[PDB]
Amino acid sequence: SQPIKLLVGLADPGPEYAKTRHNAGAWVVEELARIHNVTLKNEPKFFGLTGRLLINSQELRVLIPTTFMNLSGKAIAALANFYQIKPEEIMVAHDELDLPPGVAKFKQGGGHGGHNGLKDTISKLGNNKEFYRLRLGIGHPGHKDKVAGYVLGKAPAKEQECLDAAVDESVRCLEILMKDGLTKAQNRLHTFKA
C-alpha cells in the first residue's frame, strides 16, 4: 500500500534542452518508462507526454509536460483532475539546487525554492504544496544571479555520471516504493551518495 498515483517529471521541451540540468525530473520518468516498456503518448488535452505503468502490481501514471517550465501546472492539473488524482497522490521529480549531484531525496511539501515548475504546480493544484517531490541534486553555481543559466546548461561529463547514478537509483527506489512503501523506499534512497 502507498500514496502515489501519478509520477511527473518536469522538463523544458525539445531536443536542445533534453540534456540540461533543469530536465532531471524527466530523466527519471524516462528511465522508469524504458525499463517498464512504456512509450509515452503525446496528449494535447494534458499538455504533455503521458503513460500508464503496472509496477508490482500498482497502476502508476507518468507525465512529462511539453509546456514551458513555468506552466507545468497546466499539464499536471489537467491530468490529475481528469483521472480524479489528488495532490497528495502526485510525486513530482525535479532538479534540486540545494542538493549536490549524485544525491536524491523524497519529500512531502515545502517550497518551490525559486523553481518555476514547482511554483506553477503549487498554484494550478490550487495553492496546495502537499504533493510529494523527488528532489534530484544538481548543485548550484556561485551567485544567485547565475542560477537560471546554471540550470539551462549541460552538466560536464563527470558531474553527469553523478547525475545519471541518482536517476538510476531513484528509479530503483521508485520500484521499491511500489513494492514496500514510502518509508522503505526513502530509507534506501537517503543513504545513496554517488
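We're sticking with Swiss-Prot numbering for chain A, so the shown stretch reads 2-195, in order.
Quick check of the header: X-ray crystallography, 2.4 Å.
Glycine too: its Cβ is placed from the backbone N, Cα and C atoms.
Quick look at what Swiss-Prot annotates:
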- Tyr18, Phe69, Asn71, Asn117: tRNA binding site (BINDING)
- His23: active site, proton acceptor (ACT_SITE)
- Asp96: site 'Stabilizes the basic form of H active site to accept a proton' (SITE)
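A simple Cβ count within 10 Å picks out one of the recorded positions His23, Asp96 as the most packed, and that one is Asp96. Looking at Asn117 (tRNA binding site) and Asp96 (site 'Stabilizes the basic form of H active site to accept a proton'), their Cα atoms lie 11 Å from each other. A count of other CB atoms within 10 A of each Cβ picks out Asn117 as the most crowded of the binding-site residues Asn71, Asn117. For the tRNA site, the Cβ centre of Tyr18, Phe69, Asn71, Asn117 serves as reference, and the other residues of the chain with Cβ at most 8 Å from it are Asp13, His23, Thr68, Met70, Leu72, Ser73, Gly118. By the criterion of other Cβ atoms within 10 Å of the residue's own Cβ, the least surrounded of the binding-site residues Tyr18, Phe69 is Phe69. Spacing of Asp96 (site 'Stabilizes the basic form of H active site to accept a proton') relative to the residue listed as 'active site, proton acceptor' is 6 Å (Cα to Cα, whole number).
The maximal spread of the tRNA binding site, taken as the longest Cα to Cα distance among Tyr18, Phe69, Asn71, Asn117, is 16 Å. DSSP assigns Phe69 (tRNA binding site) to coil in the three-state reduction, placing it in neither a helix nor a strand. Taking only the Cα positions, the spacing between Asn71 (tRNA binding site) and the residue listed as 'active site, proton acceptor' is 12 angstrom.
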